Amino acid sequence: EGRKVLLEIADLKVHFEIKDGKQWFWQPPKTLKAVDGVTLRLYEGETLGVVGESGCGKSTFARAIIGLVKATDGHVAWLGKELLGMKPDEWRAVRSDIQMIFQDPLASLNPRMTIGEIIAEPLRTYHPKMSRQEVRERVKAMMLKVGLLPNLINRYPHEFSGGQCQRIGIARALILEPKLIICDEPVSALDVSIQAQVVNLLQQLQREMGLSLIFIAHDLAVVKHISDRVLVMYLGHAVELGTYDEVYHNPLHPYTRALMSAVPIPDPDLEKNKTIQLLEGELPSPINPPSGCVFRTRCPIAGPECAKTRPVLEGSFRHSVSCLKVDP
Amino acid sequence: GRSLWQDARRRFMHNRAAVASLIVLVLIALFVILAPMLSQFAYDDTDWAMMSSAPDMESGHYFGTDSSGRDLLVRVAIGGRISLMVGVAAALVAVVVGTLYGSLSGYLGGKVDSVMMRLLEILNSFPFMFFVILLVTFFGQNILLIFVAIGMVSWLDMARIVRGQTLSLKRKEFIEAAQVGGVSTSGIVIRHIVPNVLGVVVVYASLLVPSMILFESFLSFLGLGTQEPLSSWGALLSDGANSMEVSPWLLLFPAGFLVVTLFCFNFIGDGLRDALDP
Amino acid sequence: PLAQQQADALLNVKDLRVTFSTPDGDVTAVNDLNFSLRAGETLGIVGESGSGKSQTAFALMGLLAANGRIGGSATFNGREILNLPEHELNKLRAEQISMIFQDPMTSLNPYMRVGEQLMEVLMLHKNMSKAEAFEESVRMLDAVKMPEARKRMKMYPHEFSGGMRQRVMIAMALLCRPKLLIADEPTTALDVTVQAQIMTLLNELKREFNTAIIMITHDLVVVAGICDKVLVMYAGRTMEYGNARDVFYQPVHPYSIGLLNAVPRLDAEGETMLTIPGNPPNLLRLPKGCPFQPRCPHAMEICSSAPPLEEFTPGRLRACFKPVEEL
Amino acid sequence: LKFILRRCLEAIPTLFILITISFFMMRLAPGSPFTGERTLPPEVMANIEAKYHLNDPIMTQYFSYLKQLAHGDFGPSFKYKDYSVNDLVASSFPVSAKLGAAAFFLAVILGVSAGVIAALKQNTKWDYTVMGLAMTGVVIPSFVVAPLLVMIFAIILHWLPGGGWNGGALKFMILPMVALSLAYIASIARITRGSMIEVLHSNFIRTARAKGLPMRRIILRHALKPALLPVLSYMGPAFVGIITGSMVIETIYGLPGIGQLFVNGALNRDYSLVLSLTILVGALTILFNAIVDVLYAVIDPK
Ligand code: SF4
Ligand code: SF4
C-alpha cells in the first residue's frame, strides 16, 4: 500500500570528539552530540523539509546520509541496501542516485574550472567511455534546463552572480539523472527575489524528473512552500515530524509553537496582533546536552518526569511528536 | 573567458616593479653565465703589474683587482654562479620538504595536524644558523652538504602556509561536491587540491630564494661556506671588508650584485603575491 | 502630506548621494535619496544586495570607507550632519544619534570586559564617575533583559552568544537615551526566536525612551513589526515611499509588488512564488533610466529616461511611468 | 595555569632532544677526539682525558656528558690550552648580552613606533618613507650594512671608531647596535603596520568610532593591544635573528662576544666550544619563546 519507500533512517547518531585547550591534556575528549536519535522514512516523489535553530544538526544529518561524515550508530538504507557499513568503493553505486546542493554559491564551484567542466565532472566520472561531444551536449541541455545560456559554457565561476552559481550546483547534481538530491541551505546566501527563482526551479525539477528532496533551511516560510513533510529539530533530536498542514496549523510540540509564533509575517495588521510565545534562557551547548528531554531548560510546560526519561517520536504518518505531555 | 592565471599574468605585467625586476634578474643571469667566457682573464690568473688597482678601461680589469693581483670582474661572476645555484637548490629542497610535510599535515586531519604543527612551533625555536654551522664544521664544507643543510632548516614556514591552504581546501565545499560526484582520492588531490595549493607554493618559493642566497652569503662571509676555488659573493665580501681601507671596490661590486639580486627577487615575489592572491 | 513631514522632522535628508572611487570607475551606491523622520517614528529602508541601504546608515554616521564621498544634506534638530569634522561629529554620535550593526560576533572588542565597553560611553558623554557609570550600565542591561547583569559586566564578549552580543550592542547604543537609533540588519546573523525577542525589545524600548528608528533590512517580515514608514530601494534609487500599511497592502511600484510576492508566507497556500526574473543589479554598467528595466514586466520605451519621484496620493512617492490604476 | 604547565612539559624534552642530537653528532664526527686520532697537542689531551673517559661504551659516554651539563660544566676546549669552555663563555657572554639587549630594545621601540606611524598616516609621504626603509632594511643584509657603516663613519668621515670595545663605551657600541638592529627594525615595522591596518579597519574599531570616542582613546585602549599581539609572537624569531646576526657583527667590528667565540671555534674545529654554545643558545631560545608564549597567553583573553 502507498508509494515506494526510498530511504529509511533508524536510530541515527553522529557524535564528534572535541578536546578543546580548556581541558587538561590527560582528560578524555568530550562528545559533541551533533545528531542523536533521528528516525524517519522518505518516499519517492516527496520533499522532506528539515528545519531548526543553529546547532540543531540538520547539516550533519544531511552529510550523514550521503557519507561525508561517519555515523556513530544506527541504520540508513537506500532501496533496501544499508549505507553506514559500506566500503569506500560501493558508495559510488549509491551516489549515482544520491546527489547534493550546498550552502555557499561560489565555494561550491572549483574556481580553477569552467562551468562545462564542473557540470561534466560527475558525468565523466560515471561514464568514462562517453565522448567529449556527448558530454558537451548533455551539459548544454542541462544548462538550458536550469536557465543558463548555453554560450556561458567556457566561463569561470567568479564571473557569476551567486544565484547563477546555485543553478550550476543544481545542473551538476542532475547531470546523472539522480533520484534523491539533498539541499543544504540552497538559498541562504541569495537575495529574496533570487531565492524564489531557485525554489521554483527545484520544485519544477522535482515535478519534471520525479525526484525526492531533503531540503534543509533556516527560513520556515521557504520550507513550507517546497516541502510536503517537515522535520523540526532541536540540539540533534527530532522534536516533531508531519505533513506541511499539520506542522504549521496544528503544532503540538512546545518548541514548534515557539518557532512558528516567532516566525515574522509580512502583514502589519497580523504581525502586531499575533499571540507570541517566548522561551526562557539561552540555547544549551551541544557539548553537554541536558539529561532526559533536551528542551527541559526552555520548555513552558516542563515537569519532573522529563528529567527521568527521554521522549521519542510517537504518532501517525500525518503527525508525530517527541513529548511526554501531549498526544495527537 | 577570464582564465584566472591569465588575469594573474595581466596583474604581474601591470606591476611595473615586478617586470623591471625580472629584466634586471635576467641581465644578472646573463652576466653570471657569459662574463667568465667573454673575459680576457681567468678566475685563477694573476697580473703582478696591477697588484691592487681601481677600475681602468684600458687595462681590461673593469672592476679592478684583488690584492693577489687577481681579476674582480670574473670573480664576481663566478661567485654569482655559486650563490644563485646554492640559493635555487636550497629553495627546491625546502619547497619539496615543506610541501610534503604541509600537505600531509593538512590533508590527514586533526589527529596528525595537531602534532605536526606542534613540531613546527617547537623546531622554529632552534638556532638553525648555529645548527648548520655545527654540521658544516664537523662534516667539512662540501657544497652538496650546504645545499641540503640550508634547505632542511628553512622549510618550516613553507609547511605552515601549505598546511593552512590545504586544511582550508579540505574544509571547502567543492571537495565535498567532488566526493559526492564519485571522484577518487587521487582525482580530488590531482585535479581539485593541487591547482589551488599551487598558488601559495609559487609565491613562497619566489620569496624563499632570496633568503637562501642570504643564508649562503652569511655562512660564506664568516669563513665556512665554500672554499677559495669556488668562492661565492659572501666570500668576496669578507676579503672586501678587510681590504676596505685601501681598495673599497672589493666590497662595492659584490655588495651591488648581492643587494640588487635580493631586491629583484623581493619585487618578483610581491608581484606574484599581488597577481595570484589579490 | 510630505510638505508637512519636511517641517516637523527630527531628521530631514535631501539629495543624499554616496559615491565610491573604485578602480573600475565611480560607483554611486546611493543616488539623490530624500526622506524625513520624527520622534517615535520608524523608517524601514528595504531592499536586496546592491540597493545601497547599508551605505545610507554609514553616511549619516560618517563611517564610510576611505574611498567614499558624500554629497547632499541631512538636517538634524536644525544642525547639518554630513561632512562634519570628526571632533564635532563625535558630539552627536552617541548622545543624540546611535547605531547597531549587522554582525554581533565581531562588533564588540574581544580584548575588553563588556562592562568597560559600556562605561566608556557614559564617562565621555555624561561626565560620570566610574562608580555612577557602572550602576547605570547595570540598569540598562536589566532594561535590555540581560540575566544576572552584574556578573556579565566582568565577562569578555567571547563568553556570550550572538543574541546576547546584540543585547550588549543595544544597551551600549541606547545608554545615553538617543533621539535616533540606526539599525543595519541587526538580526540577519541570528535565529528566529532570538530575532523575535530583539524586535519585541526594540518595539518596547522605542516607547520608553521615545527614540526614532531607521531599520535597514531585506526582510519585509521584520519591517512589518517595528515600521511606520517604508522606503523601498533598488540600485541606490528610491522605488517607493509611504506608510507601512499602504506599501504592504497597496504596493504601487512593480519592484515592491514583485518583492512582496517573492517574500514567502505562512497564511495562505499556492502553486508557485511569483518571482522577479533576471539577475541582481550591477552598479557598474547599470542601465540608464529606470534601474528595474531589465527585470520589469511592464517595461516601455520611455523607461530609457529617469522616472520622476512624484506623489499621487497624499503621503506616498511612486518613482514610475505606468499609470497608477493599471497595477 | 594549565598553559604554563603545557609549555614547560614541551620545553624540557625539546632541550633534551637538542642536547642528544648535538652530542651524538660530535661523537660520530671525523677528526673528533673520541674517535682516537689524538693529533691534538699533549697539553690539551691531558685536559680532555681528565674529564672524558675516551675508552668507555658509546652509551656510557653520553650519560657522562649529561652528568657534566647537570653540574653546569661544559668540559675542556679541544684547541685552547689554559682556558675552560666556562671561562670562555664567562669572558664573552656580557659582551653579547649588552649588544643583543640594546639591539632588541631598539628594534622593538623604533619598529613599533614606525609601524604605528605608518598605519596612521596610511597613504601619506610618512608611510611611503617608512615602508621604503622597511624594504631597505630587510633586503640589504647585515654583513653589507656593517662594512658600509664602517666605510662611511670610520674610513671617510672619521665621526666614529671602526675597532673593538674599549670596555663597552657607547662610541664603539653605536655602529654594531645599528647594523645588528636595522634588519629587525624594518621587519617589526612591517608586521606592526599590517596588524594595525587590519585592526583599524575592524568592526570593533568601527564600533569604537560609532561611540564617538576620540581617536587618542581608540588607538591607546581599543587598537594597540590587538595590534601588538602579532609583534609579541614575533619576539621569538627576533631573539634568534639578533643572536644569529651577532656572529657577523662581532666578527666585522672585532668584539669578544659569543658570536666571535663560536665562529673562531668553528674555523679552528673546536668541537667542544661549538657544541657548547649551540646548547646554550638553544636553551636561551627555548626559554625565551616559552616566556613570550606565556606572556601572550596572559595578555590575550581568548
Ligand atoms: S517532554 Fe517535557 S520538557 Fe520535553 S518538550 Fe515535552 S513537556 Fe517540555
Ligand atoms: S519606470 Fe518603467 S521599467 Fe521602471 S518599474 Fe516602472 S514600468 Fe518598470
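We number chain C the same way Swiss-Prot does; the residues here are 10-336, in that order.
Yeah, the Cβs are placed from backbone N, Cα and C, and that goes for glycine too.
Residues or ranges marked as ATP binding site in Swiss-Prot: C:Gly56, C:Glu57, C:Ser58, C:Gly59, C:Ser60, C:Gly61, C:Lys62, C:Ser63. Marked as domain 'ABC transporter' by Swiss-Prot on the basis of sequence analysis: C:20-269.
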Listed in sequence order, residues not in C:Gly56, C:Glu57, C:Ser58, C:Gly59, C:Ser60, C:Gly61, C:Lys62, C:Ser63 with Cβ within 8 Å of the centre of the ATP site Cβ atoms: C:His227, C:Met242, C:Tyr243, C:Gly245
Short-range binding-site residues relative to chain A, from C:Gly56, C:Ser58, C:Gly61, with Cβ separation under 8 Å: C:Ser58
Distance-selected binding-site residues near ligand 1 (C-beta under 6 Å), from C:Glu57, C:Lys62, C:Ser63: none
Those residues of the chain, 6+ apart, with a Cβ under 8 Å from that of C:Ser63 (ATP binding site): C:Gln111, C:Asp193, C:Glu194, C:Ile225
Same chain, 6+ residues apart, C-beta under 8 Å of the C-beta of C:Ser60 (ATP binding site), given in sequence order: C:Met242, C:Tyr243, C:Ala244, C:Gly245
Binding-site residues: C:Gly56, C:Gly59, C:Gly61 - member with fewest neighbouring CB atoms within 10 Å: C:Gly59
Binding-site residues: C:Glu57, C:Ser58, C:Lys62 - member with fewest neighbouring CB atoms within 10 Å: C:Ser58
C:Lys62 (ATP binding site): secondary structure state under DSSP, collapsed to three categories: helix
